[PDB]
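Take a look at this single chain, the form deposited in one PDB entry, given in structure tokens.
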């Protein structure tokens, strides 16, 4: 955990969201695949409501592009100060913010509702109300009196749990914890690394609990969810850049029953 004190946002974004893993031109890339999972899920029109929380958002916004048009009150979160500060730079359009234009464009492309990418970012920024600190390890992740409207109508978390858990049991608990933030009948979109044990974030060297699709499925169940969908993306050879040892990426659509 203390390892996350040396976690550099810019280095993290450069290792995962800049070429080649960030190139969105090739359909078979992880970028295109990921945005497509989110887009298709929301297009079914079943994941809906008023509020939505992004667990461990880190310095990224992609995971909310297709979502934002379905929830008016979006709450973003993250353990690290530096990460909330990097999100702010992009939300306020301040100088030195990360450039997600390519992602917005592609999300607009995938959705195919003829929307320009500027209207997409404008809507996301508009709907994101707050950027709160969080710790999935605490039984009440956000705290006692959190500004965030609870319980949420849906949850979204990408590459957080398994990246902050030392073993399978912590992973399981952290999932039990965030599930308390979700309203019964609510929806969870969990995205993560498959069979990953480490990944670099600049000077930081984060340890990870390698998990499998089945271990993830079982976990979602043990936490009272009905797995609506679960897909896998096997990391290609040319996307093995040395910044980690991820084997694949998983996408899960679970509904709290």
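The term rigid core refers to the maximal set of C-alpha atoms that superpose within 1.5 Å between the two forms. Residue numbers count along the first chain shown, from 1.
Look at the C-alpha B-factors of 101 to 109 and of 182 to 190. On average they run higher in 182 to 190. Higher mean CA temperature factor between 195 to 203 and 45 to 53: 45 to 53, per the PDB entry.
Residue 70 sits in the middle third of its chain by CA B factor, as recorded in the PDB entry.
Remark: residue 223 belongs to the highest third of its chain, ranked by C-alpha B-factor as recorded. Ranked by Cα temperature factor within the chain, residue 158 sits in the lowest third according to the deposited record. Among the modelled residues of its chain, residue 253 has a C-alpha B-factor that falls in the middle third, as given in the PDB entry.
The form deposited in another entry exists for this protein as well; it is not shown, and the discussion that follows is about that form.
The one residue among 40, 207, 212, 48 whose Cα position changes by 2 Å or more between the shown form and the other one, with the core held fixed by superposition, is 207.
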